[PDB]
Amino acid sequence: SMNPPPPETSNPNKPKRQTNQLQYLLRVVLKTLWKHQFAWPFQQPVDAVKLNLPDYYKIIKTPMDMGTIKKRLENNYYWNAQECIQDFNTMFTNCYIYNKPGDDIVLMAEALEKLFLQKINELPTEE
Ligand SMILES: CCN1C(=O)c2cccc3c(S(=O)(=O)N4CCCC4)ccc1c23
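Under the authors' numbering, think of the first position of the sequence shown as 42, with each following residue one higher.
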């Protein structure tokens, strides 16, 4: 039983920008989701060894999680808000792929995804 290396949070050869929207994605969007009662399963990479989900990384090949997202934001990893929104989308999609409608974890993800969409419906203007 082996977890893979977690996604990178720094990369010196990737272009980065400090954007008004990206600051909002950390200050408001991430930080708010993080405090939700259903946030905890998503706050770190899936440890398939601890959770005894040995088939997880047999199935999920582009893992993502809010802890990785938060580190990427704090580390100025992204060029634009769409890159970071894509990571959120990968996180939710992975959960929907591995699990089935009605599972507790899927109900948690559905609730978080709706809050996430509410929060990104309106982003600060790329002044
Ligand atoms: C979001 C990533 N991710 C999955 O795809 C997934 C599948 C089955 C269980 C779990 C757990 S758990 O065991 O702590 N759990 C919390 C609620 C249900 C059970 C935490 C995080 C998980 C899973």
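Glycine is no exception: its CB is placed at the ideal position from the N, C-alpha and C atoms.
Close Cβ partners of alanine 122 (< 7 Å) along its chain, the five nearest in sequence each way excluded: Residues of the same chain with a CB within less than 7 Å of the CB of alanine 122, apart from the 5 flanking positions on each side, are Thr60, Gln62, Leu63, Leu66 and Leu164 in chain order.
DSSP-derived helix/strand/coil call for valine 69: helix
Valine 90 burial status per 10 Å Cβ neighbour count (16 or more: buried): exposed
Contact check, residue 41 vs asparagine 135, beta carbons under 7 Å: A question about residue 41 goes unanswered here, because the residues of the chain that appear run from 42 up to 168.
First and last residue of the uninterrupted alpha helix (DSSP H) at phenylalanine 157: 145-161
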